[PDB]
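> Build the 3D model from these lines:
(5 chains)
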Amino acid sequence: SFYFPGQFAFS
Amino acid sequence: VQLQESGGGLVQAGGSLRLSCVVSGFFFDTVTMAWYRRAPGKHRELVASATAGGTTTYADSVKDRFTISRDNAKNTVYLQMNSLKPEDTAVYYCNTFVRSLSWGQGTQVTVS
Amino acid sequence: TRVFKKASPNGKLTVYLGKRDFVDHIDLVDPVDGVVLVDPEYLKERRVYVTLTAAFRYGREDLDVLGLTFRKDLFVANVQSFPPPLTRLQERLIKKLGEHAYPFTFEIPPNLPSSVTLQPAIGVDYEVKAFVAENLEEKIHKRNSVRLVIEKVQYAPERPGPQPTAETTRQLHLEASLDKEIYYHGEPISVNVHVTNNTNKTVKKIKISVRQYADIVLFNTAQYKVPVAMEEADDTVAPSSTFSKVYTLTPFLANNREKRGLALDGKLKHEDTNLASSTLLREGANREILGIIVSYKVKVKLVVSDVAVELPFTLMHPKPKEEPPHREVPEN
Amino acid sequence: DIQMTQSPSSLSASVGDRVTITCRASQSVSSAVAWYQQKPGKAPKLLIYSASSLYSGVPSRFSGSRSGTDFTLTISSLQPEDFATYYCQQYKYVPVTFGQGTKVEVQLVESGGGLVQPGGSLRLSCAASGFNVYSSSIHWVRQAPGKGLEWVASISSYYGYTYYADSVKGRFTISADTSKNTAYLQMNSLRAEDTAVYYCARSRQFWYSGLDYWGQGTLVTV
Amino acid sequence: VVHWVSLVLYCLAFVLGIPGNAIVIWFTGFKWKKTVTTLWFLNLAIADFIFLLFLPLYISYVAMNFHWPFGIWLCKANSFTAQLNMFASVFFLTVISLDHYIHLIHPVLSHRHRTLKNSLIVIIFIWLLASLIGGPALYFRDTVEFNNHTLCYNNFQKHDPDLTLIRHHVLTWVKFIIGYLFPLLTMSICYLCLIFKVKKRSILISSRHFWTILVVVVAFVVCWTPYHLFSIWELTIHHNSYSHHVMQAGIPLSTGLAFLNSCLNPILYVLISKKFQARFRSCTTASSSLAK
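Numbering: from 1, shown residues only, chains lettered A, B, ... in the order given. Below you will find the coordinate block:
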């Protein structure tokens, strides 16, 4: 919804 | 591996020669060094063994006549001559029992 | 007779062999007759035996990538020289060295590749290793062993073969034929190029090459080809003509040093040898039995502006007179 | 290097005698020892090519044996066609040296040779027939007048190897034409000590077994 | 619980990878065997060494509870070098597998590409490909500042939002296909066919090879499946209008497993039985007589 995974887990 | 040696000479009969054979190069370790005599026109024949411990064997035609003493501390071996025979003359060589050393020039003895 | 001996780096455990050459007949291989010598001491507490490994390296630098030693043993036979018949050579060794001489004899089975190497090591090489070990399976140090290397070679048979012929036609009835089937090393090769041109197309030049097939098989059959010689001509034929001429070729190593993958005879040391001799296999029974197989086939090609033929032949050494030294006679 | 010496410098015998010629090598060479017989005015002929193996053509009377380094040649009976000079050669190393000579009391043709001033140049053409250059080894051996044989140079076309003697290195070059099956020797800066009879000898390229065939003679005087 | 084990994994991977890569980088000091097969390991070692040099930044990232300090000054280059090193490493592994297969099945090999010049050319080409595929990671990143922590993430919402629903799908799917699917598939097709498919069992050596192939495959799969599978599943469920809540909480564990794989590659690949002897570090034939 609001950066719940934040499209960030690694590069 | 020079295997320098000396002790040859001319003896009439029953004289001591006291041949000397020195070893330079590889360590003596606990190997046995033999003594081979080459008769004129014949091949080399085993004479003594001189093992690490005291276990010395002679040949059939030389038993109770020769005597080998080993001084591996200075890397030297010797043969004792007693009551020689006219047929004992030969070019004596000094080499390991398994003949693992290069055959250098051997001393020449003559019995008259 | 001047038998061959190789003393170990250790002060004992020497090995005597009559000759460092064992031929491989089409029927049976000569036994590896010899006597291993050892002092009475240092043996009573262990057991002495001699191995014979048919090693086969197929890599470089002896790389061990992913546990791949690049080597292969084709025939390993171990005989226990420790006391539980003998030939003339074996019994002569016993009476000379003395009582403490232990004979050892192997038996190489047929259908085994000969000792052939490749020019850069890769190639088939044999070895006779003698060492003493009671367990008969424990690791042995390099200094307490003899790395006596032997080689097995094949020689040309007395009976010759028929003249090779090929008649590959294409729409040019080419008909090539060699002088003889049996060719010795370093000898000229003469091939006929008798052709018959009938079409309007005209050939440009005639290319003749001799290629060596190193039929190495480890996982899949390989057909490496090395053009050891080339005799590119400039002759040509018009319609309704011919160019029958006896071209002469001679394979050698002076101009083939730069070529890679070239097959040569077994090398005991870094001393160089000639091209690998052709290997003979049993008729019908020949199959994928591993190792390296060397064959020679000439090729005549017509460049029209192609017709190619193959004529197999055998390139082998003759029967030696006394013994092969297996080294550069005028060395250094 | 290795020097080859013969014990008897002059042997005198009669017809129907057993004579022994002793030749001792300086170093410990293998059985690779060859014996030659040189008639006066003729090229040397090989007798034994392995110090124990009889050649094909020589009578069975000649025999050889070795012990350490004691290579010797024995003749059962001296026929009138036997008195010549005998040389012992070792071919285990490149600097092959012949014996001093013992006095008893396939065609190769060469061209060229003549009076040349010192420092000049001369070429010798060794016309070879009956064999292949790739399957044989070509060697050049000179012989000073009345003295022993001396090796000059050799060529091995199969392996592309050329060997020259220490006294003729650089000044002498050797070449062979495969198409014409000939051997050529070119000389540069001819010194005053090079007056000798030059022989173009042949040996088997594969498993060298002595100089089977020799030349005729093209003695050059400077 | 996942955070502590992940941090221990990062620490162990760095500590065992710095010297492990350093020792194999020099190739026993100066021998270095300038051959293609040996150059594979050297290039892999230097790539993994760069990866390990840039690892401690991500170590602080995970440790500080996503509190990444710097913006475009650090993460904009960190992302690019991480993708470059990781994809170069996986490409090195797959080309090593392909090269091993081709020189082991033994066809005519020296004619096609088995030359030093071709090795250099293909190394330059593969490095350029890795740089190109790591390209858009460098030039597409935002640094949001939430709850006293700055996250360097992707910036598809920035620039032009005119793009359709497919925004991250293409790049992630390409990475899954090129980078995971092709190398893993070709490694399987090579090793399983060669080893597991019992082809010519007579010469299928049961020595260290038969076990090392399997351990390499199992390490690769166990250390590369988590990251790609989790990323794909998370992206799918997030874009399928679910918002994912907080259900994974353990994605840095996948990165730790990848770091452990990068640690294990140089030690297991090069430091082997023969190399152990190198790391730890006759006579002449005569002749006798015989009675006639």
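> Does the residue in chain A that chain C sits nearest to belong to a helix, a strand or coil?
Residue of chain A nearest chain C, by Cβ to the nearest Cβ: residue A:10 (29.2 Å). C-beta: built from backbone N, CA, C; applies to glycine. At residue A:10 the chain is in coil, as set by DSSP: H, G, I helix; E, B strand; the rest coil.
> Over to the residue nearest to it when sequence neighbours are not counted. Which of the three states is it?
In space, and not counting its chain neighbours, residue A:10 is closest to residue E:255: 5.7 Å by Cβ to Cβ, 6 or more residues apart in numbering or on different chains. Following three-state DSSP, residue E:255 is assigned to helix.
> Distance-wise, check residue E:255 relative to chain C.
27 Å (Cβ to the nearest Cβ, to the nearest Å).
> and that residue, how many neighbours?
25 (other Cβ atoms under 10 Å in any protein chain shown).
> Kindly report the same for residue C:32.
21.
> same deal with residue D:170?
8.
> mind listing what it touches?
Applying Cβ atoms under 8 Å, 6 or more residues apart in numbering or on different chains to residue D:170 gives the contacts residue D:164.
> Which parts of chain B are strands?
B:5-6, B:9-11, B:19-22, B:33-38, B:44-48, B:66-71, B:76-81, B:91-96, B:107-111 (DSSP state E).
> let me redo that: chain E
Along chain E, counting by DSSP E, strands occupy E:142-146, E:149-153, E:286-287.
> Save those strands as a markdown table, and put in distance to chain C too.
Converted to a markdown table, the strands of chain E look like this (distance: least, Cβ to the nearest Cβ, whole Å):
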| stretch | distance to chain C |
| --- | --- |
| strand E:142-146 | 43 |
| strand E:149-153 | 39 |
| strand E:286-287 | 5 |
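> measure stretch C:164-172 end to end?
Taking Cα to Cα, to the nearest Å, stretch C:164-172 runs 19 Å from one end to the other.
> neighbouring contacts of that stretch?
C:173-178, C:181, C:195-199, C:203, C:300, C:302, C:304, C:307-313.
> Can you tell me the closest non-neighbouring residue to the most centrally placed residue in chain A?
Residue closest to the average C-alpha location in chain A (Cα atoms, centre = their mean): residue A:6, at 1.8 Å. In this structure, residue A:6 finds its nearest non-sequential neighbour in residue E:153, 5.1 Å apart by Cβ to Cβ, 6+ apart.
> beta partners of that neighbour?
Residues in a beta bridge with residue E:153, per DSSP bridges, are residue E:142.
> just checking, it touches residue A:9?
No: under the criterion of Cβ atoms under 8 Å, residue E:153 is not in contact with residue A:9, lying 9.4 Å apart.
> circling back to that earlier point, output the strands of chain E as a markdown table; include the columns mean neighbour count.
Output for the strands of chain E, formatted as a markdown table (neighbours: other Cβ atoms under 10 Å in any protein chain shown):
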| stretch | mean neighbour count |
| --- | --- |
| strand E:142-146 | 14 |
| strand E:149-153 | 18 |
| strand E:286-287 | 16 |
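> will you turn those into a markdown table that also has distance to residue C:100?
Below are the strands of chain E laid out as a markdown table (distance: least, Cβ to Cβ, whole Å):
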| stretch | distance to residue C:100 |
| --- | --- |
| strand E:142-146 | 86 |
| strand E:149-153 | 82 |
| strand E:286-287 | 20 |
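> And for the closest residue to chain D within chain B, the neighbour number?
Distance from chain D to each residue of chain B (Cβ to the nearest Cβ) is smallest for residue B:103, at 7.6 Å. When neighbours are counted by other Cβ under 10 Å, residue B:103 registers 18.
> And it, how close does it get to chain A?
75 Å.
> got the contact list for that residue?
B:93, B:95, D:68.
> Now do the contacts for the nearest residue to residue D:14 once chain neighbours are set aside.
Leaving aside its chain neighbours, residue D:14 sits nearest to residue D:78 (7.3 Å; criterion: Cβ to Cβ, 6+ apart). Shown in contact with residue D:78 (Cβ under 8 Å, 6+ apart): D:13, D:14, D:15, D:16, D:17, D:19, D:104.
> Can you flag which of the residues you listed belong to strands?
Counting by DSSP E, the contacts of residue D:78 contribute D:19, D:104 to strands.
> Now the buried members of the contacts of residue D:78.
Among the contacts of residue D:78, those buried by neighbour count (16 or more other Cβ atoms under 10 Å in any protein chain shown) are D:19, D:104.
> Out of the contacts of residue D:78, the closest to residue B:73 would be?
Using Cβ to Cβ, residue D:19 is the member of these that sits closest to residue B:73, with 52.0 Å.
> residues touching the residue of chain E found nearest chain B, list them.
Using Cβ to the nearest Cβ, the closest approach of chain E to chain B is made by residue E:289 at 5.5 Å. Going by Cβ under 8 Å, 6+ apart, residue E:289 touches B:43, B:44, C:2, C:3, C:96.
> can you rerun that using 6 Å?
For residue E:289, the contacting residues are residue B:43, by Cβ atoms under 6 Å, 6 or more residues apart in numbering or on different chains.
> returning to what we had before: format the contacts of residue B:103 as TSV; extra columns: neighbour count and distance to chain E.
Shown next, in TSV, are the contacts of residue B:103 (neighbours: other Cβ atoms under 10 Å in any protein chain shown; distance: Cβ to the nearest Cβ, whole Å):
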residue	neighbour count	distance to chain E
B:93	22	12
B:95	20	11
D:68	14	9
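> Kindly report the residues of chain B close to chain C.
Chain B comes close to chain C at residues B:29, B:31, B:32, B:46, B:51, B:52, B:97, B:98, B:100, as judged by Cβ under 6 Å from any Cβ of the partner chain.
> Neighbours of the fourth one, how many?
Okay, so that is residue B:46. 20.
> which ones are touching it?
Contacts of residue B:46 by Cβ under 6 Å, 6+ apart are B:34, C:98.
> What of the fifth one?
With contact taken as Cβ under 6 Å, 6+ apart, residue B:51 is in contact with B:32, C:41.
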